Amino acid sequence: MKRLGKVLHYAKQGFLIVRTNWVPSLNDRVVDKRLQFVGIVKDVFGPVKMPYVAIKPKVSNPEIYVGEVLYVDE
Amino acid sequence: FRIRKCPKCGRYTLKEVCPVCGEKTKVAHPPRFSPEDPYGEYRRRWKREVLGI
Amino acid sequence: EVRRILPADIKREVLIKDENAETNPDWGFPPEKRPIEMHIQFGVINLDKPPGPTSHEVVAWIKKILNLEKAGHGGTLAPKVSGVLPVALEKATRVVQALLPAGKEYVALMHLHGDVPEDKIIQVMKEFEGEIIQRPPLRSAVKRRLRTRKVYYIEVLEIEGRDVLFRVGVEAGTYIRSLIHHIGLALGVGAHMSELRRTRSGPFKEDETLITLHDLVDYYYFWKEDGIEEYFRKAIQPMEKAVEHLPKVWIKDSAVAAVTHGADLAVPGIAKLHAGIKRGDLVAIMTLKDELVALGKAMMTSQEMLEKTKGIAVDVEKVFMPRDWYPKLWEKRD
RNA sequence: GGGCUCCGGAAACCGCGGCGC
RNA sequence: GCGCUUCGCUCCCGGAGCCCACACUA
RNA sequence: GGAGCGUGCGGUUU
Ligand SMILES: [Zn+2]
């Protein structure tokens, strides 16, 4: 598990947007700064250098994450 | 539809006037065609007129 | 001067193999100088498709109305999408191939599901310029390589509140609803595609040449009924246009018949060619009258196609020109 | 034996289904 | 209620017809 | 009584 990025905001459709330096992949476990499972992925998209990871969360509370470093469990 | 063009100038826009250009903009997508083309007859009459035929 | 140049655009140098080679005017038919019927036989319509019908219906209609035996299109557009759609005719239909890999250019209306400050919109738009990701990875498939897609430019002409108007250049199979939706996700608010309209498909531009079903049909009747070619003539492009972007080689009149009869093309038959050609890539073989003969794949580098003297240099794959036009000239001596 | 062209690999329905106004 | 569900292209299988061509040096 | 681009299935008029 390496870091993923700071959460820029919550997408009105239902996704956490963490902006990134490297590319993850579909169905990677994403966690919190204390290994607290956050969600799974559905999209990376945009500049192959510095992409965007879009997260579809699976805990009921989504918006709590704005402005946090959501680490990416292997 | 919403997408528009200077006829004389070709630039695209949403506005009904050309930003820095002459005339009034037209809907970008071309008008719809039916294979029957029930009225082409008329149209061609028109067109002949407009371009000496 | 410009911000809008694709890979098709890049001007490729002519390298001359035989300085002297010259074409006898008697054989063949130079494109923009061939009888109306033959012009149709080997021609392509740069059509401004309307929204509503599917890409093929339109074709189907054209076929029907012009009384052709065959027609077809390269690169289908969704029924709601209008804009540049080239329609290939009769003996020309197969050319279409050429266009599929070729670059696209579009005009698009992006509706937003939420208010983002204007200043920050043209900023997140920017970063989508260059090598972009078009599908997520790590599956079962422990891959090499990846699904990068090239976006040549993003130009934002206008932006009122929630609606965003921008022009964009893109590589071959860049799914366009898919792109807006992604920037949507990225801005958060979410977005979709109000309208879209293709301004370019490779050599095919939104220009003096681009014709609607309406003028088309009508110019047709002007010819058939009033006996007036020019209008209907100026409506059909030659097929040679469908390759304007491609690498070309030009071949002595002697060579043509062989190729039209399906011979592969060997080094001594090349009068001149394009620089920068590499192995196994689509190439168009032209007569010195700049008419197309066939498509093949390069067997040699252009860079040395001229240094060598014997051997084969294009597996000829598609014969467009009729055998008729050029005499059999391999009636040699030894 | 090797290539290239052209003609095949069905058409006219009616019933369900799917897609869009 | 109207329209569409494929014009075509590639691949395979099967004919029929041209050809076997290193490019005639003015 | 052929596959795919592409959504198809049931019956009748070669
Ligand atoms: Zn203007």
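- Method information in the entry identifies X-ray crystallography as the source of the structure, with 2.87 Å recorded as the resolution.

1. Re helix α7 (residues 253–260) of chain C
All names here are of chain C.
- Counting buried positions along α7 gives 6 out of 8 residues, so the element sits mostly inside the fold.
- Within the span of α7, buried status applies to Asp253, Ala255, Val256, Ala257, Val259 and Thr260.
- On its buried face, α7 sits against β13 (248–251), β14 (265–266), β16 (282–287), β17 (292–298) and β18 (312–319).
- Remark: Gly262 follows α7 within two positions and exhibits a positive phi of approximately 90°.

2. Some remarks on the protein's contact with RNA strand E
Residue and element names in this part refer to chain C.
- As a structural note, the neighbourhood of RNA strand E is formed by 33 residues, with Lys63, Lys310, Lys318, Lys328 and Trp330 the closest of them.
- Of all RNA strand E atoms lying within 4 Å of any protein atom, the proportion belonging to sugar or phosphate reaches 71%.
- One of the side-chain nitrogen or oxygen atoms of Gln97 is found 3.3 Å away from a phosphate oxygen of RNA strand E.
- Of all the secondary structure elements, the ones that give two or more residues to the surface near RNA strand E are α2 (55–66), β3 (71–73), α7, β14 and β18.

3. A closer look at the sheet that holds strand β1 (residues 14–16) of chain C
Residues and elements named next belong to chain C.
- Judged by pairing direction, the sheet is mixed, and its 7 strands sit side by side in the order β1-β15-β13-β16-β17-β18-β14 without closing on themselves. Strands with a single pairing partner mark the edges of an open sheet, and in this sheet they are β1 and β14.
- Contacts between α7 and the sheet are confined to β13, β14, β16, β17 and β18, with β13 contributing the most and set at about 110° to the helix.

4. Focus on α2(C)
All names here are of chain C.
- The end-to-end C-alpha distance of α2, which contains 12 residues, comes to 17 Å, matching closely the 16 Å that a straight helix rising 1.5 Å per residue would cover.
- Along α2, the residues classified as buried are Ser55, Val58, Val59, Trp61, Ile62, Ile65 and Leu66. Buried positions in α2, seen along its axis, are confined to an arc of 155° and lie on one side of it.
- Where α2 terminates, the next one or two residues include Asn67, which has phi positive at roughly 55°.

5. So, the state of the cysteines
All names here are of chain B.
- The full count for this structure, using the stated rule, is 4 disulfides over all chains.
- Here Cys6 engages in a disulfide with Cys18; their sulfurs sit 2.0 Å apart. Of this pair, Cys6 sits in the loop between β1 (4–5) and β2 (12–13) while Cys18 sits in the loop between β2 and β3 (26–27), and the two are 12 residues apart along the sequence.

6. What to know about the coordination of the zinc ion
All names here are of chain B.
- Distances from the zinc ion to its protein donors, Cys6 (SG), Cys9 (SG) and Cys21 (SG), fall at 2.3 to 2.4 Å.
- Sequence spacing among the residues donating to the zinc ion works out to C-x2-C-x11-C.
- The partly exposed category is assigned to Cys9, whose relative accessible area is 37%.

7. Considerations on the protein's contact with RNA strand D
Residues and elements named next belong to chain C.
- All residues in the neighbourhood of RNA strand D are listed as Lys80, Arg94, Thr260, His261, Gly262, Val316, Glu317, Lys318, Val319 and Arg323.
- Among atoms of RNA strand D positioned within 4 Å of the protein, sugar and phosphate together represent 88%.
- Note that a phosphate oxygen of RNA strand D is positioned 3.5 Å from one of the backbone N or O atoms of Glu317.
- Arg323 places a side-chain nitrogen or oxygen 2.8 Å from a base oxygen of RNA strand D.
- Partitioning the surface near RNA strand D into residue classes produces 2 nonpolar, 3 polar and 5 charged.

8. A few points about the interface of chain C and chain B
- Counting from both sides, the interface comprises 32 residues of chain C and, opposite them, 24 residues of chain B.
- Where chain C abuts chain B, roughly 2700 Å² becomes buried across the two surfaces, and 62% of that area is made up of carbon and sulfur atoms.
- When the area that chain C buries against chain B is broken down by residue, the three leading residues are C:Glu158, C:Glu195 and C:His214, summing to 23%.
- At the junction of chain C with chain B, the criterion picks out 8 salt bridges.
- Two residues, C:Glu206 and B:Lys5, come together in a salt bridge whose shortest N-O distance is 3.1 Å.
- Counting the contacts that link chain C with chain B gives 14 residue pairs in polar contact.

9. Some points on the UniProt feature "domain: PUA" in chain C
- Per the UniProt record, "domain: PUA" is found at residues 246–321 of chain C.
- Helix makes up 16% of residues 246–321 of chain C and strand 42%, and the two end C-alpha atoms of the span are 18 Å apart.

What counts and how
Residues numbered from 1 in each chain as written, not as in the entry; some residues may be left out. Chains lettered and ligands numbered in written order. Heavy atoms only, no water. Buried < 20%, exposed > 50% of the residue type's maximum accessible area, 1.4 Å probe, protein only. Helix = DSSP H or I, 4+ residues; strand = E, 2+ residues; numbered from the N terminus. Contact = heavy atoms within 4.5 Å. Near = heavy atom within 4 Å. Polar contact = N/O pair within 3.5 Å; in protein donor to acceptor, adjacent residues only side chain to side chain. Pairing = 2+ DSSP bridges. Axes fitted to C-alpha atoms, helices over the stretch in contact; angles between N-to-C directions. Expected span 1.5 Å × (residues − 1). Arc of directions from axis to C-beta. Disulfide = S-S within 2.5 Å. Donors = N, O, S within 2.8 Å, 3.2 Å for Na, K, Ca; no water. Nonpolar A, V, L, I, M, F, W, Y, C, P; charged D, E, K, R; others polar. Buried area = accessible area lost by both parts, 1.4 Å probe. Salt bridge = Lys/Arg side-chain N within 4 Å of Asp/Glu carboxyl O. UniProt positions renumbered as here; feature names shortened; annotations may be inferred.

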